[PDB]
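Residue numbers (the deposited numbering), protein chains in the order written: chain A, 547 to 614; chain B, 274 to 341; chain C, 206 to 406; chain D, 138 to 147, 159 to 205. Built from N, CA and C at the ideal position, the CB exists for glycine as well.
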Amino acid sequence: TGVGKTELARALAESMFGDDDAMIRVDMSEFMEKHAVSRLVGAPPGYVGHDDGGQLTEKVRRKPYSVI
Amino acid sequence: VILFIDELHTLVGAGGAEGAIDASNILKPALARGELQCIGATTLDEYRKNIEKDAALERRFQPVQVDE
Amino acid sequence: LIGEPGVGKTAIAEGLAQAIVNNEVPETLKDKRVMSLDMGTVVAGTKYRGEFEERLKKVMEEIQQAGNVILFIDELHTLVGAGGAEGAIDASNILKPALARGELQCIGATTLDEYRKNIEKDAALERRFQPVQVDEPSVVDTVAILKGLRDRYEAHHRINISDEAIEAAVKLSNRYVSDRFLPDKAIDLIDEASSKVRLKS
Amino acid sequence: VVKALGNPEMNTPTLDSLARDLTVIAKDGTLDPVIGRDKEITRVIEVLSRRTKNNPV
Ligand SMILES: Nc1ncnc2c1ncn2[C@@H]1O[C@H](COP(=O)(O)OP(=O)(O)O)[C@@H](O)[C@H]1O
Ligand SMILES: [Mg+2]
Ligand SMILES: [Mg+2]
């Protein structure tokens, strides 16, 4: 801990795009539950938000050249 | 005449009924053949939700990204 | 014609029309008229009861008498439910008897999704149409298509398109454009680049 | 009086009845100025100048 591995990712995002917020950040700490993977690839077929699709998938599709 | 249709996601299903033809199906031939110069405005969510279901209509429009 | 949007099913129909004009490969189709039907045009101006029915019926009788008309219905999935009402009959149920008896020769054009959701649900309408899969052309085929279309886009944009530009367009659109299909995205890349260089000068 | 004030000599009517003319509104001067969007407007012009689908969204 304290050693700057996240800061390295922010520095790379800044160098490649000009701002840290251009990085697509997905904190794995909210994916502890098995069904939390729905936030990445969307709701399972037949569920409520199935047609919305995954959040990470849409963010990557919008910006195909990014840091994840 | 250059046509500006703000809230382009309303194009799909517009005027649909039990036996009617909606606006998108009517306008598809003109949009494909370069006959009508239509400027559309919509949000990313509305684009994905409404005018990406109709893959043919999505094909007929060229997205321009307006960044913050 | 079944294929993903942008492959060129409408181009297939127009190529059939051009082949008819120049020289049709068989005799039986030497003198034929290919007419494109739009359901919006048929439904329009039928505010009174049954006018859609009489209009489509007259169309079918004229097809039967003429005998040299091949009807091309683009967006075939729109045929179901068209012109319907609380107790009326859609265009599909009108066309089914004529297709079954054999007075109509229709050329449909729809993607796999719309065909499967709309046409396959009805066995009577499905048993009269034969799917013709239109596949995405290869890279060399797309280059040939772009070279064939080069004259029209050069005339429109008043620029010169080089072969290296065609190769780059097809390769880059294949590698970096994922949501669309080869001929459409290559054509779009060529068209936008031509418009850009024309606007710059 | 109306006739004296009027004109003694007395092409898209449907669109005029339906839509708003942004060009005459810009001539009037009620639209706000647009600042620093040269690249997006240029891209819109480029898409509008295409032969095949020329519909920018
Ligand atoms: N062999 C070809 N020659 C010329 N143009 C073609 C060819 N194949 C495809 N195209 C282009 O592809 C487009 C046809 O797309 P199409 O699949 O008919 O769209 P949709 O599925 O929405 O009807 C036309 O604009 C045409 O310019
Ligand atoms: Mg960390
Ligand atoms: Mg078509």
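- For the C-beta of C:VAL248, the chain B residues within less than 8 Å are, from N- to C-terminus, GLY292, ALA293, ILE294.
- For C:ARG385, the closest Cβ of chain D is not nearer than 8 Å.
- In the three-state scheme derived from DSSP, where H, G and I count as helix and E and B as strand, C:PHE386 is classed as coil.
- With fewer than 16 other Cβ atoms from the protein chains shown falling within 10 Å of its own Cβ, D:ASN159 counts as exposed.
- DSSP, read as helix, strand or coil, puts A:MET569 in coil.
- Distances taken from the Cβ of C:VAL212 to the heavy atoms of ligand 1 include one shorter than 7 Å.
- Residue-level contact check: A:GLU604 touches chain B, since one or more beta carbons of chain B fall below 8 Å from its beta carbon.
- Beta-bridge partners of B:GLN335 (DSSP): D:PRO204.
- Going by beta carbons, B:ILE324 and B:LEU317 fall outside the 8 Å limit.
- For D:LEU196, the closest Cβ of chain B is nearer than 8 Å.
- Put simply, the CB of C:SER367 is far from chain D, with every gap to its CB atoms at 8 Å or more.
- Taken in chain order, the complete alpha helix (DSSP H) segments of 4 residues or longer contained in the region 333-375 of chain C are 344-362.
- Under the three-state reduction of DSSP output, B:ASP318 falls in the helix class.
- In the three-state reduction of the DSSP assignment, C:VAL247 falls in the helix class, which pools H, G and I.
- Partner residues in a beta bridge of A:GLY600, as assigned by DSSP, do not exist.
- Between the beta-carbon of C:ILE207 and that of C:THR283 there is about 15 Å, and that puts the pair past the 8 Å contact cut.
- Comparing alpha carbon positions, the residue from B:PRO336, B:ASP279, B:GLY286 closest to D:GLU188 is B:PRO336.
- Cα atoms of B:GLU319 and C:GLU266: separation of roughly 45 Å, rounded to the nearest angstrom.
- Contact residues of the region 352-367 of chain C toward chain D are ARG357, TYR358, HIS361, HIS362 (C-beta to C-beta distance below 8 Å).
- Neighbours of A:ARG608 across chain B, judged by C-beta separation under 9 Å: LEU317, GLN338.
- Contact between the region 369-383 of chain C and the region 343-356 of chain C is present, with at least three C-beta pairs closer than 8 Å.
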